[PDB]
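The structure appears below as structure tokens.
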Amino acid sequence: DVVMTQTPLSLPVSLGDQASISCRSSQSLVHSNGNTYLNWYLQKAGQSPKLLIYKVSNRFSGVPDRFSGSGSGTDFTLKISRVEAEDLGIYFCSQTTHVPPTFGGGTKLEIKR
């Protein structure tokens with residue numbers, strides 16, 4: 001199925017700066033109609049998962065607006081107005097456009113060093 005290459009592998013940023021994680025999709029995530037259904041994700045060391053965008057840029061209910069998604073077809077990104085302690089951890093980007101669902105990736109985001 002469509003592969004999702006998460007990048008970069010590391011994103012050292014201070015809790016306050018803007019962070020933009022990328023994500024590429026083998027043959028784009030455009031369903032048979034011209035619509036893209038992406039699902040950004042984030043998880044800490046054994047904590048409660050958090051979903052940001054659920055299409056391409058719109059933010060899911062609960063997102064502090066600081067999260068923003070964008071991109072074309074075989075490329076996507078998640079810019080954050082400001083990183084917080086909770087934001088730290090590993091990032092991911094899923095997609096419900098193709099089947100079966102992918103769900104995976106892993107961008108390291110543990111503050112700036």
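Going through the structure tokens in order, the chains are called A, B, and so on, while each chain numbers its residues from 1 and the ligands are numbered from 1 in the order shown.
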
* Would you kindly return, as a PyMOL selection string, each protein, DNA or RNA residue with an atom no farther than 9 Å from any atom of region 25-41 of chain A, considering only C-alpha atoms and excluding same-chain residues fewer than 4 positions away? => chain A and resi 1-5+49-57+69+72-76+78+90-98+103

Limited to N, CA, C and O atoms, could you put the picked residues into a file as a CSV table (one decimal), in the first residue's frame?
```csv
chain,number,residue,atom,x,y,z
A,1,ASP,N,0.9,-1.2,0.0
A,1,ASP,CA,0.0,0.0,0.0
A,1,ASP,C,0.9,1.2,0.0
A,1,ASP,O,2.1,1.2,-0.2
A,2,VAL,N,0.2,2.4,0.2
A,2,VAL,CA,1.0,3.6,0.2
A,2,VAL,C,1.9,3.7,1.4
A,2,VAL,O,1.5,3.6,2.5
A,3,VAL,N,3.2,3.9,1.1
A,3,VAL,CA,4.2,4.0,2.3
A,3,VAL,C,4.2,5.4,2.8
A,3,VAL,O,4.1,6.3,2.1
A,4,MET,N,4.5,5.5,4.1
A,4,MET,CA,4.5,6.9,4.7
A,4,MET,C,5.9,7.1,5.4
A,4,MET,O,6.2,6.7,6.5
A,5,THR,N,6.7,7.8,4.6
A,5,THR,CA,8.1,8.1,5.2
A,5,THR,C,8.1,9.3,6.1
A,5,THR,O,8.0,10.4,5.6
A,49,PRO,N,-2.4,9.0,23.8
A,49,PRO,CA,-2.2,9.5,22.4
A,49,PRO,C,-3.0,10.8,22.1
A,49,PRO,O,-3.9,11.1,22.7
A,50,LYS,N,-2.5,11.5,21.1
A,50,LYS,CA,-3.1,12.8,20.7
A,50,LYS,C,-3.2,13.0,19.2
A,50,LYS,O,-2.2,12.8,18.5
A,51,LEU,N,-4.4,13.2,18.7
A,51,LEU,CA,-4.6,13.4,17.2
A,51,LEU,C,-4.6,14.9,16.9
A,51,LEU,O,-5.4,15.6,17.5
A,52,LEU,N,-3.9,15.3,15.9
A,52,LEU,CA,-3.9,16.7,15.5
A,52,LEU,C,-4.9,16.9,14.3
A,52,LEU,O,-6.0,17.1,14.5
A,53,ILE,N,-4.3,16.9,13.1
A,53,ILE,CA,-5.1,17.0,11.9
A,53,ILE,C,-5.7,15.7,11.5
A,53,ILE,O,-5.2,14.6,11.8
A,54,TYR,N,-6.9,15.7,10.9
A,54,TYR,CA,-7.6,14.5,10.5
A,54,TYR,C,-8.0,14.5,9.0
A,54,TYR,O,-9.0,13.9,8.6
A,55,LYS,N,-7.2,15.2,8.2
A,55,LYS,CA,-7.5,15.4,6.8
A,55,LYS,C,-6.3,15.9,6.0
A,55,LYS,O,-5.8,15.3,5.1
A,56,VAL,N,-5.8,17.1,6.4
A,56,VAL,CA,-4.7,17.7,5.7
A,56,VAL,C,-4.2,18.9,6.5
A,56,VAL,O,-3.0,19.2,6.6
A,57,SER,N,-5.1,19.6,7.1
A,57,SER,CA,-4.8,20.9,7.8
A,57,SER,C,-5.7,21.1,9.0
A,57,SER,O,-5.4,21.6,10.0
A,69,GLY,N,-1.6,21.5,9.9
A,69,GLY,CA,-1.1,20.5,8.9
A,69,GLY,C,-1.2,21.1,7.5
A,69,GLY,O,-2.1,21.9,7.2
A,72,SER,N,0.9,18.7,-0.2
A,72,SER,CA,0.3,18.4,-1.5
A,72,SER,C,-0.4,17.0,-1.5
A,72,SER,O,-1.4,16.8,-0.9
A,73,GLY,N,0.3,16.1,-2.2
A,73,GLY,CA,-0.3,14.7,-2.2
A,73,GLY,C,0.7,13.7,-1.6
A,73,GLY,O,0.4,13.0,-0.7
A,74,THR,N,1.9,13.6,-2.2
A,74,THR,CA,2.9,12.7,-1.7
A,74,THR,C,3.8,13.4,-0.7
A,74,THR,O,4.9,12.9,-0.4
A,75,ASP,N,3.4,14.5,-0.2
A,75,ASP,CA,4.2,15.2,0.8
A,75,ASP,C,3.3,16.0,1.8
A,75,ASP,O,2.3,16.6,1.4
A,76,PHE,N,3.6,15.9,3.1
A,76,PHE,CA,2.8,16.6,4.1
A,76,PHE,C,3.7,17.2,5.2
A,76,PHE,O,4.8,16.8,5.4
A,78,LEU,N,3.6,19.1,9.5
A,78,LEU,CA,2.8,19.5,10.7
A,78,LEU,C,3.5,20.6,11.4
A,78,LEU,O,4.4,20.4,12.2
A,90,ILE,N,7.4,11.2,20.4
A,90,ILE,CA,7.6,10.7,19.0
A,90,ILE,C,6.3,11.1,18.2
A,90,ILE,O,5.2,11.0,18.7
A,91,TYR,N,6.6,11.5,17.0
A,91,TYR,CA,5.4,12.0,16.2
A,91,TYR,C,5.1,10.9,15.1
A,91,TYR,O,6.0,10.1,14.7
A,92,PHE,N,3.9,10.9,14.6
A,92,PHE,CA,3.5,10.0,13.5
A,92,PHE,C,2.5,10.6,12.6
A,92,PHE,O,1.9,11.6,12.9
A,93,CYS,N,2.2,9.9,11.5
A,93,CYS,CA,1.2,10.4,10.6
A,93,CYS,C,0.5,9.3,9.9
A,93,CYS,O,1.1,8.5,9.2
A,94,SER,N,-0.8,9.2,10.1
A,94,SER,CA,-1.5,8.0,9.5
A,94,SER,C,-2.4,8.5,8.4
A,94,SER,O,-2.3,9.7,8.0
A,95,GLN,N,-3.1,7.6,7.8
A,95,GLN,CA,-4.0,8.0,6.6
A,95,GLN,C,-5.1,6.9,6.4
A,95,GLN,O,-4.8,5.7,6.5
A,96,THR,N,-6.3,7.4,6.2
A,96,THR,CA,-7.4,6.4,6.0
A,96,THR,C,-7.8,6.4,4.5
A,96,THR,O,-8.9,5.9,4.1
A,97,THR,N,-7.0,7.0,3.7
A,97,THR,CA,-7.3,7.1,2.2
A,97,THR,C,-7.3,5.7,1.6
A,97,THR,O,-8.2,5.3,0.9
A,98,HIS,N,-6.2,5.0,1.8
A,98,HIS,CA,-6.0,3.7,1.2
A,98,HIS,C,-6.3,2.6,2.2
A,98,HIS,O,-6.2,2.8,3.4
A,103,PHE,N,-0.6,3.8,9.3
A,103,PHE,CA,-0.3,4.0,10.7
A,103,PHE,C,1.1,3.6,11.1
A,103,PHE,O,1.4,2.4,11.2
```

* Write out as a PyMOL selection string each polymer residue whose atoms come within 7 Å of residue 12 (chain A), counting only C-alpha atoms; drop sequence neighbours fewer than 5 positions from it. => chain A and resi 109-113

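Nearest to residue 17 (chain A) of all the residues A:66, A:59, A:44, A:82 is A:82, counting only C-alpha atoms.
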
* Asked: If you count only C-alpha atoms, which residues fall within 8 Å of residue 10 (chain A), apart from same-chain ones fewer than 3 positions away, as a PyMOL selection string?
  -> chain A and resi 7+107-109

* **Contact residues around residue 80 (chain A) with only C-alpha atoms at 6 Å, ignoring same-chain residues under 5 positions, as a PyMOL selection string** => chain A and resi 18-19+66-67

Write to file, as an mmCIF file, in the first residue's frame, the residues of the selection just made, with N, CA, C and O atoms.
```cif
data_model
loop_
_atom_site.group_PDB
_atom_site.id
_atom_site.type_symbol
_atom_site.label_atom_id
_atom_site.label_comp_id
_atom_site.auth_asym_id
_atom_site.auth_seq_id
_atom_site.Cartn_x
_atom_site.Cartn_y
_atom_site.Cartn_z
ATOM 1 N N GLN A 18 8.921 27.057 16.768
ATOM 2 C CA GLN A 18 7.980 26.364 15.850
ATOM 3 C C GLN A 18 8.603 25.081 15.303
ATOM 4 O O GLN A 18 9.762 25.059 14.936
ATOM 5 N N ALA A 19 7.817 24.039 15.251
ATOM 6 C CA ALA A 19 8.340 22.740 14.731
ATOM 7 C C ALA A 19 7.498 22.265 13.550
ATOM 8 O O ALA A 19 6.290 22.339 13.585
ATOM 9 N N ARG A 66 -2.618 25.459 17.998
ATOM 10 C CA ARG A 66 -1.154 25.591 17.738
ATOM 11 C C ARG A 66 -0.684 24.595 16.675
ATOM 12 O O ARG A 66 0.338 24.789 16.048
ATOM 13 N N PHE A 67 -1.445 23.548 16.498
ATOM 14 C CA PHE A 67 -1.070 22.522 15.488
ATOM 15 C C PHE A 67 -1.651 22.853 14.118
ATOM 16 O O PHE A 67 -2.816 23.173 13.992
#
```

* **Which of A:106, A:100, A:48, A:83 sits closest to residue 15 (chain A) [using only C-alpha atoms]** =>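 Of A:106, A:100, A:48, A:83, the one nearest residue 15 (chain A) is A:83, counting only C-alpha atoms.
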
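The spacing separating CA of residue 68 (chain A) from CA of residue 23 (chain A) amounts to 13.5 Å.
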
* To do: From region 31-87 of chain A, collect each residue whose DSSP state is strand (DSSP E) and return the set as a ChimeraX atom specification.
  => /A:38-43,50-51,67-71,75-80
